[PDB]
Structures are given as structure tokens and as C-alpha cells.
Amino acid sequence: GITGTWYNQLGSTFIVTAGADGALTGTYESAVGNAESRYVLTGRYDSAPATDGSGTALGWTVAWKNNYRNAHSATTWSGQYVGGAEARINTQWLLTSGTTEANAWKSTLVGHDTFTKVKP
Amino acid sequence: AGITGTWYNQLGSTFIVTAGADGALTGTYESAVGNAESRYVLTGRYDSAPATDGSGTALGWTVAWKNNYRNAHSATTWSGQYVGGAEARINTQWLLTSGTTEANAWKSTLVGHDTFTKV
Amino acid sequence: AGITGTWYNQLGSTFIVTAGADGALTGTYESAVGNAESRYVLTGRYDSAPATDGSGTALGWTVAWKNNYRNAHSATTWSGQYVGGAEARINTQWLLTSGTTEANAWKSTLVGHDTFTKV
Amino acid sequence: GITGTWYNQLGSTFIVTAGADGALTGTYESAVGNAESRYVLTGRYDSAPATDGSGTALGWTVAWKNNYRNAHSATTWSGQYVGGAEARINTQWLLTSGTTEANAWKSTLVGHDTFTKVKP
Ligand SMILES: COC(=O)c1ccc(-c2cccc(-c3ccc(C(=O)OC)cc3)c2NNC(=O)CCCC[C@@H]2SC[C@@H]3NC(=O)N[C@@H]32)cc1
Ligand SMILES: COC(=O)c1ccc(-c2cccc(-c3ccc(C(=O)OC)cc3)c2NNC(=O)CCCC[C@@H]2SC[C@@H]3NC(=O)N[C@@H]32)cc1
């Protein structure tokens, strides 16, 4: 299932609980792995996916503020979970920083992360 | 107080949100487009201690397009910033991912942009 | 004739383009923002036999941000559609990738949207 | 170098010439590999990249019309070339279809392709 501990290709750790009715809740950490590296996340997933072999759509957000650091920015990941022997979450993400209006054109980075349950 | 309220976008969609002191966003979304009807749950996060220079407040939220009436097997995330003042706005870009087979994964994700106006 | 001409976007940038019968786009771009000065070469492609229903004409182009004056070690692609008529527009989304090291590759690419008006 | 024959994870083939002053020109084909699968591409690249170990920025466009088929759509790839023993082009792409104004919200797909010179 979705619930568990996931790792992406940057060594970030994504610890998530999937609620019965579609909630995602947990913590997202950089590869450093200490308290300063950890941030709250919340999101949603399709809690009744199709039964035709399709993945399970989901998304979540981290705002990059914790008790140690604030980068004045937020990332959202949008993607799908694929179960089976080597479960995976395949995502694309948007990382928006707070900017002036003049700098808004360079406010948003885009990328892609793939998560598995294999600890590096 | 700034983020909390009712917002409409350029497509006529409805975003009702409460911003909590801990950085939480919670509310409901009604889409003007696509395989959707009635309200959907949303959840997200925002920077609860934004810069006090002249920059926006970063935020994001997710809707999974399942409620008690319909299920589109998909989810949208909006990533953007809130700009306060007399004419408050939230400027976003979004990613809408559908659950797909592996063979269709290459075309799972739509991208676009929405601007919300506070009402 | 429709696409061919001079276009400005919401940031004040200048897009001069010729659309060839074979689907080619060729021209020059002047950016209002970023590490850029004077004109840059652009090249792209468009659908030279678009639908004749009420839909836009798909197109895209690239600028590498190197000319004889400056080099930002980056390139933007715009992907979008042309809508003709008395008030012609090109509505685009864009990706701006910088050359990076491997360690910085995760933050190589900006995304946004530009609307162009024909003048 | 960039000039040569590349393949992505979908088995598409990207045959490109990189001109001295920044032009990219060539053909892009689906995994089917026949005439009907092939389309013209043009783009640009940084013809004087940094010398600090950074990749080479580039982009290109395909409009999905040839003498056989027309999908009324265009893809742009934006990314970077990384040289060395296993050269790679890492990209993100935007695929826009011509739509009515009412359907413009669902006009644009986003994804990512990685290219190598290894023929599947
Ligand atoms: C007023 O002060 C500031 O404005 C300020 C202060 C400190 C730092 C800072 C300094 C060093 C490192 C980070 C950092 C780097 C990476 C990660 C990370 O990947 O966490 C998962 C977290 C923090 C720093 N913060 N940067 C962030 O919080 C943004 C992290 C974005 C990570 C992105 S999300 C998409 C992609 N997927 C990942 O797993 N990671 C990347 C930035 C800004
Ligand atoms: C009036 O008629 C129409 O509107 C019409 C007619 C036929 C078809 C059609 C039918 C079957 C297959 C294709 C097709 C599929 C894939 C590829 C391909 O990947 O080529 C590289 C090309 C064509 C078909 N066309 N589709 C396209 O040309 C779009 C291909 C988009 C491929 C994307 S670019 C990003 C990503 N990276 C790749 O390498 N491939 C994918 C679509 C529309």
C-alpha cells in the first residue's frame, strides 16, 4: 500500500499514512535525516482506484518551513502509486518560491521524483 | 485571515479554504470543468511566517477527484503564491495526474495555470 | 500570414517570427527579463494544416540564450497554440532549462506561461 | 557530442545534427520506425557551454504532422546534454494540442524523457 516509508532518487525520505477516505499525512525529509531536515506534508489520493491495472492518483504538498528553517517556498508532487512487488510512486512536482511581482516569472521550478520503499 | 475565505478562478471554480496557525490548509473545491460534480476535499500547506519584504506567500494544495458522487481517478496539485492587500490573489500553476496503465503513463499529467480572486 | 509577424508578451518581450509553408518557424526573440540582451535566434515548428473546426493551431519554438553579446547557459522552449481572427493570440507554457552540474540538476528547470499579442 | 542518434525510454529515436552556432536539426520517430513514424524537428543549444562541469542547455520542437498523419499538436523538449562515457540528454517536455477555447485547460501534457545513444 501507499502507507509506509518511501525514498526518492535524491535520498529524500517520505513517511506517509494513507487514510481510508483519501487523506495523505506525514513527514518529508532531506537526505540529511535530522530534525532540521523534516517538514510536514499533507495531500490526497484516490481511495477507490480503478480495477483495470491503472495506478492510483495522488498528490501532496510540503511548505518548506519547520522550527529550524524557512525557505519561503512550497512544493507540490502530483503523480501515481503503482503497487506490486516493487511498489513505486511516480511524480512530477512544482516548487514555488514567494517572490516579488517582478520576479514571479522565475518563481516556479518543475521536476520529477520517483519513490520506492528501498532504503538507500 | 488573509488566505482564509472564498476564492474563484478564471474558469468559475470555487475554492473555500481555512489557513491554520500551524501552516495547514483545509477546505473544499468545486470544479467548473472535467469529470467532477459537487465539492471535493482539499488539503495543503502554506508558509505561516512569510517574508515581510514585498514577496508573496508560498502555498500549495491537492484535490483528489473522488467524492461521494463521482470518481475521476485523478488528482490535481496547485503550487503558487498568495499576494495580499486590497485586491488579494493566489497565482498558481497546477499538475493534474490521472491513474494510468504503464503504457499510458507518458500522458498521465496535464499542466496549466489558475489565478484566484478573493471574494 | 497568420502566425507571421511581430508579437509582444505580457512582460514586454518581442517575438518576431516567420511561418514557412513546410511547418518551419524562424525569427528572433528579445527578452524583457533575465540574463539577456539584444536579440536571440529562435527556431520552431507549427501545424501547417490545422483543423478547420474551432480549435487553435499547435506550435512550439526554442531560444538558446546565447548570442554574440551574452550567454546565460540556458534555453527556453514555448509550447502552445495560435488562435487567429481580428485579435490574434498565442497562448503558451514554457520550460527554461539551465546547464547545471549533476548535484544541481533537480533545480535546472523553471516553468511558466506567456501570452502573446500580435502587433 | 550532441550530433548523432539518440533513443528515449519509450523507444523513440531522435536523430540530430548540432550546428556550430547553436542550431539543432533532425528527425524524431516513434518506436514503430517507419516513414509514418518520422517527423521534422528543429531547436537550439548552447554552442559555448560553461567549462565548470555543467551540462549543455538545449531544446527542440516537433509538430506532429508529416505526410501520413496529423495529430494537430506539438511537443517541445527542454533539457541538457551531459557528455562523457554514457552521454545523456535529460529533458522535460510540454505537448500542446490545438483545442477550442473551452478545452484549453486540458490542452497541455507534461512529462520527462531521458535519451542515450544506446539502441534498444
Ligand atoms: C530565510 O532563509 C531562507 O530563505 C532559506 C534558508 C535555508 C535554505 C536551505 C539551505 C540549505 C538546504 C536547504 C534544503 C535543501 C533540500 C531539502 C530537501 O530536499 O528536503 C526534502 C531541504 C532543504 C535549504 N532550504 N530549502 C528548502 O527547504 C527547499 C527544498 C526543496 C527540495 C526539492 S522539492 C522537489 C525535489 N524533491 C526532493 O526530494 N527535494 C527537491 C533555503 C532558504
Ligand atoms: C486527425 O488525426 C488526428 O488528430 C490523429 C491521427 C493519428 C494519431 C496517432 C495515432 C496513433 C499513434 C500516434 C503516435 C503515437 C506516438 C508517437 C511518438 O511517440 O512519436 C515519437 C507518434 C504518433 C498518433 N499521433 N500522435 C502524435 O503524433 C503525438 C505523439 C506524441 C508523443 C509524445 S512527445 C512526448 C513523449 N516522448 C516521446 O518520445 N513520445 C511522447 C493521433 C491523432
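Numbering, chain C: per Swiss-Prot, residues 39-157 in sequence.
Quick reminder: no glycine exception, Cβ is built from N, Cα and C everywhere.
Sequence annotations record features per position, and here Swiss-Prot assigns biotin binding site to C:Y67, C:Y78, C:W116, C:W132, C:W144.
With a 10 A radius on its CB, C:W132 (biotin binding site) counts 23 other CB atoms from all the protein chains. The highest number of surrounding Cβ atoms within 10 Å, among the binding-site residues C:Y78, C:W116, C:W144, is found at C:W116. Listed in sequence order, C:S51, C:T52, C:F53, C:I54, C:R77, C:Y78, C:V79, C:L80, C:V101 are the same-chain residues at least 6 apart in sequence whose CB falls under 8 Å from the CB of C:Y67 (biotin binding site).
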